[PDB]
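Structure, as structure tokens:
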Ligand SMILES: *[C@@H]1O[C@H](CO)[C@@H](O[C@@H]2O[C@H](CO)[C@@H](O[C@@H]3O[C@H](CO[C@H]4O[C@H](CO)[C@@H](O)[C@H](O)[C@@H]4O)[C@@H](O)[C@H](O[C@H]4O[C@H](CO)[C@@H](O)[C@H](O)[C@@H]4O)[C@@H]3O)[C@H](O)[C@H]2NC(C)=O)[C@H](O)[C@H]1NC(C)=O
Ligand SMILES: *[C@@H]1O[C@H](CO)[C@@H](O[C@@H]2O[C@H](CO)[C@@H](O)[C@H](O)[C@H]2NC(C)=O)[C@H](O)[C@H]1NC(C)=O
Ligand SMILES: *[C@@H]1O[C@H](CO)[C@@H](O[C@@H]2O[C@H](CO)[C@@H](O)[C@H](O)[C@H]2NC(C)=O)[C@H](O)[C@H]1NC(C)=O
Ligand SMILES: *[C@@H]1O[C@H](CO)[C@@H](O)[C@H](O)[C@H]1NC(C)=O
Ligand SMILES: *[C@@H]1O[C@H](CO)[C@@H](O)[C@H](O)[C@H]1NC(C)=O
Ligand SMILES: *[C@@H]1O[C@H](CO)[C@@H](O)[C@H](O)[C@H]1NC(C)=O
Ligand SMILES: *[C@@H]1O[C@H](CO)[C@@H](O)[C@H](O)[C@H]1NC(C)=O
Ligand SMILES: *[C@@H]1O[C@H](CO)[C@@H](O)[C@H](O)[C@H]1NC(C)=O
Ligand SMILES: *[C@@H]1O[C@H](CO)[C@@H](O)[C@H](O)[C@H]1NC(C)=O
Ligand SMILES: *[C@@H]1O[C@H](CO)[C@@H](O)[C@H](O)[C@H]1NC(C)=O
Ligand SMILES: *[C@@H]1O[C@H](CO)[C@@H](O)[C@H](O)[C@H]1NC(C)=O
Ligand SMILES: *[C@@H]1O[C@H](CO)[C@@H](O)[C@H](O)[C@H]1NC(C)=O
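Below is the structure:
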């Protein structure tokens, strides 16, 4: 006859909500006695069988720019990073004035000797010690033309908390798992432009392998694409929104260094010892990064022919960074526990006008691109609340046989009748890397209650 | 089928799978956050169970209530609802009317229970 | 009695002691552990009660289902099971096949509810 | 009318107001106290629900149980009990004999369930 309402429990309907998430790590990350920095004592392990079920005919809108897991991941990384430097050595008795000269006979033109006095394990006795501090960690306090007085940089503003020499900065993968009563929708569309509907949504509980790499201006190890180069942006109208280029073919990049002596152990009290840079044996060279020439050339050509779809009659150009200090204009990362800040002058020096150039030469692979750069030791990252460190050095030489995944670009402001616009690389906020690694997923809440029309009559 | 096996399937065929989406509602730095989330999940399930039990539909998945359905709410034929539509569009176009439906179910349960105690007391 | 009074007695004599045993499922450094233990006790009880509530045996200590009993699970006679076997080795023997029984009760409950819905909507 | 509508009224007058008095059982430094009060509310509601659910009176006010009433608990007639005395002093004089009563209802409910088991298995 007429419609009578009936209640249903166990109904698959969805809403958008913001809740905290869990961890998930591999089984090999718990047998290590170095305790890592994230996945040994806090994060829970996962099962070795990630079940994924594809849904039939559902279309769901995705917005990777207005996301909750990016902000939660950033807050969790910041909090877990600040909690891992509390039981470590603090370099408060190192703000004494340093007397610094050239590095012996035949100076290296990059380090200063910087001999000082320090308090030993006895509170009365003091001893004269020496090191080799890097030049960007040395500030010339002066009142006249004095070339022998120097001090450390982090004693001026806030703290000198050294990292512990047991943990490591190795980026092992982690997975984010939704809590009970929540699911994660993942879009499998290959032509996903970042915002809009998706028609191959699959429901998963735990995310795939995410490596929280510390990098700016250029993306390190990460997940590749499937079909072609993908452009990620939210408006593509103004010049103040960072655009992400997601690649398809990796390009090999290595970074090397000359030798050092050892970790010179200097005591500043009971138990608190720090490892400074000792001597340098052998000849001194530069710390450089090598990138293949023809792979970078046809990769940038592929980026050009794919980016020409959004600009039909305009040529693209590249040049240097748009000014600033050391920390923002250089591609910065870390390897083996030592940080690198490297100039990108020889990578973004070119232009594309729409005419493709084919590179067919087998013997031309010998030519490479070299990036010469220096090393810092005190890191002021996260653009605030960073808990200013002092990275301990490594004894021998190191290698950085790495992989490249994406690029971060920013358009410059043009003038009238400017048909040739430029794209300069820039980093800035840390959220861009984890936003590039979390475009697929979206947290979702299920409501098991519902109503439906039928002809059910409850008996009395 | 596990999570959301019939989230876009046939309306008549989505009534055979409510058990698997209802079986799994409970299954220092991070000693408080997961605790708060777990207690929140427990109270979400308990609120759902109490809301089911407040109109006499506890322990039964598909329960029936004698309150009628007004023509100003859906005005659509039953056959193509149960054979063509899905749950998500139904939640899209019914969720603005849910509170008065819940109130009607509560009033109908109150009337049914008051007739039940009147019949028990008069006998 | 008390905590598991008929913990080793006859199978038949252990069916009249369900009430006095299931009643006790809810009754700084040393402040986190007590609260966590209380929350996980609530977790275990709510999981057990929900699992009883899926297959239509909510609020009943002893409930009967209409699923057939396959002989390949036990292959044993009823009389010596109910008069000679303690619950412990019985649960040890059936522990290799509990998920099949849970799925069969779930499917039988859903099928019985759909037949009841068809019979009730037929009128 | 929410909490304690007729807390000092007649025994028989409190029977018609039971449907409105028991409706609100669930409806840094100052975050831990909120968590503890939240968990304690969950404990109270779940304990009350299971204790009402052991002796077969789940989701039903004014439940009748076939256990006989012993004369050693009150030894006074029901007329002046139901039209003379309020709830509080009656609870004061009944509080010494609550565990024996709870055990008697538990045993009666379990025996009733076994009788229903034998009756349905007799067919
Ligand atoms: C992007 O991806 C690349 C490749 O996946 C990563 O490169 C790896 O980086 C890690 C560290 O960042 C390297 O691990 C280190 O290797 C050093 C040399 O390894 C050789 O020698 C050892 C024996 O000494 C052999 O077992 C090994 O197979 C190699 O032949 C080691 O000396 C290092 O040891 C240090 O760490 C351990 C544990 O923390 C300490 O106990 C030691 O005392 C010492 O301090 C370390 O194991 C790894 O070798 C690199 N891979 C390759 C192929 O070279 C990038 O790091 C990654 N990220 C970025 C940003 O580029
Ligand atoms: C930095 O200066 C110190 C002191 O001026 C140097 O330490 C001396 O090194 C010579 C070797 O040339 C030794 O003979 C002395 O005994 C050292 N004096 C000490 C330890 O008090 C140190 O070599 C200089 N650093 C560098 C890199 O040359
Ligand atoms: C102590 O820190 C302050 C910043 O809080 C320094 O002020 C500026 O520092 C930058 C970075 O080296 C310089 O480029 C500027 O020239 C500094 N001055 C101004 C007015 O911006 C300050 O110089 C530091 N103290 C010393 C002695 O160097
Ligand atoms: C999804 O809906 C379309 C619309 O009729 C239907 O043809 C298709 O079979 C559905 N998919 C599944 C898996 O049922
Ligand atoms: C440091 O302490 C020593 C004590 O031996 C003293 O001789 C010296 O003048 C002090 N200052 C410097 C700058 O070395
Ligand atoms: C959706 O993604 C899955 C992932 O394996 C794939 O198998 C399937 O073909 C995709 N759907 C379509 C229509 O391509
Ligand atoms: C950003 O996008 C909105 C709509 O997509 C548009 O109206 C607005 O003009 C854009 N911003 C700029 C600076 O053009
Ligand atoms: C890049 O920026 C510099 C800054 O002075 C400018 O001179 C140059 O024309 C720009 N373009 C190229 C292709 O170098
Ligand atoms: C990078 O290299 C260019 C040319 O080699 C040079 O002009 C510039 O000063 C270097 N440094 C930075 C931070 O751009
Ligand atoms: C860029 O490339 C041109 C062409 O090879 C070269 O002449 C120039 O030195 C390069 N570097 C800069 C900073 O322009
Ligand atoms: C640098 O270290 C690697 C091993 O980490 C070694 O194979 C290589 O020979 C070293 N470089 C030099 C110049 O010795
Ligand atoms: C990067 O590329 C090299 C060779 O192309 C490969 O061996 C390596 O596994 C790649 N990195 C990752 C993280 O897959």
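Chains as they are written, first to last, in this note's numbering: chain Y, 84 to 543; chain E, 4 to 126; chain Z, 4 to 126; chain V, 4 to 126.
Virtual Cβ for every residue (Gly too), placed ideally from N, Cα, C.
Measure the C-alpha to C-alpha separation of residue i and residue j and round it to an integer number of angstroms.
{"i": "residue 431 of chain Y", "j": "residue 362 of chain Y", "result": "36 Å"}
{"i": "residue 116 of chain V", "j": "residue 532 of chain Y", "result": "32 Å"}
{"i": "residue 93 of chain Z", "j": "residue 100 of chain Z", "result": "12 Å"}
{"i": "residue 461 of chain Y", "j": "residue 41 of chain E", "result": "40 Å"}
{"i": "residue 176 of chain Y", "j": "residue 202 of chain Y", "result": "8 Å"}
{"i": "residue 380 of chain Y", "j": "residue 36 of chain E", "result": "48 Å"}
{"i": "residue 450 of chain Y", "j": "residue 376 of chain Y", "result": "6 Å"}
{"i": "residue 165 of chain Y", "j": "residue 359 of chain Y", "result": "23 Å"}
{"i": "residue 485 of chain Y", "j": "residue 114 of chain Y", "result": "25 Å"}
{"i": "residue 406 of chain Y", "j": "residue 509 of chain Y", "result": "10 Å"}
{"i": "residue 352 of chain Y", "j": "residue 344 of chain Y", "result": "24 Å"}
{"i": "residue 86 of chain Y", "j": "residue 538 of chain Y", "result": "6 Å"}
{"i": "residue 61 of chain V", "j": "residue 529 of chain Y", "result": "28 Å"}
For residue i, which residues of its own chain have a beta-carbon under 8 Å away from its beta-carbon, when the five flanking residues on both sides are left out?
{"i": "residue 44 of chain E", "result": "28 and 29"}
{"i": "residue 250 of chain Y", "result": "117, 118, 119, 120 and 167"}
If residue i and residue j are in contact, beta carbons under 8 Å, what's the gap, nearest whole angstrom?
{"i": "residue 23 of chain E", "j": "residue 4 of chain E", "result": "6 Å"}
{"i": "residue 327 of chain Y", "j": "residue 519 of chain Y", "result": "5 Å"}
{"i": "residue 241 of chain Y", "j": "residue 471 of chain Y", "result": "6 Å"}
{"i": "residue 426 of chain Y", "j": "residue 434 of chain Y", "result": "Not confirmed; about 20 Å, so no contact."}
{"i": "residue 402 of chain Y", "j": "residue 505 of chain Y", "result": "6 Å"}
{"i": "residue 254 of chain Y", "j": "residue 292 of chain Y", "result": "At roughly 10 Å, the Cβ-Cβ gap does not stay under 8 Å, so residue 254 of chain Y and residue 292 of chain Y are not in contact."}
{"i": "residue 38 of chain Z", "j": "residue 113 of chain V", "result": "With a Cβ gap of about 33 Å, residue 38 of chain Z and residue 113 of chain V do not count as contacting."}
Give me, in chain order, the residues of the same chain whose beta-carbon lies closer than 7 Å to that of residue i; leave out the 5 immediate sequence neighbours on both sides.
{"i": "residue 111 of chain Z", "result": "68, 69 and 70"}
{"i": "residue 103 of chain Y", "result": "155"}
{"i": "residue 171 of chain Y", "result": "244, 245, 246 and 247"}
{"i": "residue 334 of chain Y", "result": "374, 375, 378, 379, 382 and 487"}
{"i": "residue 272 of chain Y", "result": "281, 282 and 283"}
Does ligand 8 have even one heavy atom less than 8 Å from the beta-carbon of residue i?
{"i": "residue 403 of chain Y", "result": "yes"}
{"i": "residue 322 of chain Y", "result": "no"}
{"i": "residue 397 of chain Y", "result": "no"}
Run the CB neighbour count on residue i, radius 10 Å, all protein chains shown included, and call it buried at 16 or more, exposed below.
{"i": "residue 258 of chain Y", "result": "buried"}
{"i": "residue 233 of chain Y", "result": "buried"}
{"i": "residue 72 of chain V", "result": "exposed"}
{"i": "residue 123 of chain E", "result": "exposed"}
{"i": "residue 490 of chain Y", "result": "buried"}
If you measure from the CB of residue i, is any heavy atom of ligand 4 nearer than 8 Å?
{"i": "residue 140 of chain Y", "result": "yes"}
{"i": "residue 12 of chain E", "result": "yes"}
For ligand 9, is there any heavy atom lying closer than 8 Å to the beta carbon of residue i?
{"i": "residue 428 of chain Y", "result": "yes"}
Is the closest heavy atom of ligand 2 to the C-beta of residue i under 8 Å?
{"i": "residue 159 of chain Y", "result": "no"}
Using a Cβ-based criterion (distance less than 8 Å to any ligand heavy atom), does residue i qualify as near ligand 12?
{"i": "residue 373 of chain Y", "result": "no"}
{"i": "residue 499 of chain Y", "result": "no"}
{"i": "residue 486 of chain Y", "result": "yes"}
Report all residues from its chain with a CB closer than 6 Å to the CB of residue i; omit the five preceding and five following residues, and keep chain order.
{"i": "residue 220 of chain Y", "result": "236, 460 and 461"}
{"i": "residue 89 of chain E", "result": "11"}
{"i": "residue 466 of chain Y", "result": "none"}
{"i": "residue 107 of chain E", "result": "70"}
{"i": "residue 269 of chain Y", "result": "285, 287, 523 and 524"}
Would the C-beta of residue i count as close to ligand 6, meaning under 8 Å from any of its heavy atoms?
{"i": "residue 285 of chain Y", "result": "yes"}
{"i": "residue 271 of chain Y", "result": "yes"}
With a threshold of 8 Å (Cβ to nearest heavy atom), would residue i be considered close to ligand 3?
{"i": "residue 337 of chain Y", "result": "no"}
Closer than 8 Å to a non-hydrogen atom of ligand 11 - does that hold for the CB of residue i?
{"i": "residue 482 of chain Y", "result": "yes"}
{"i": "residue 479 of chain Y", "result": "yes"}
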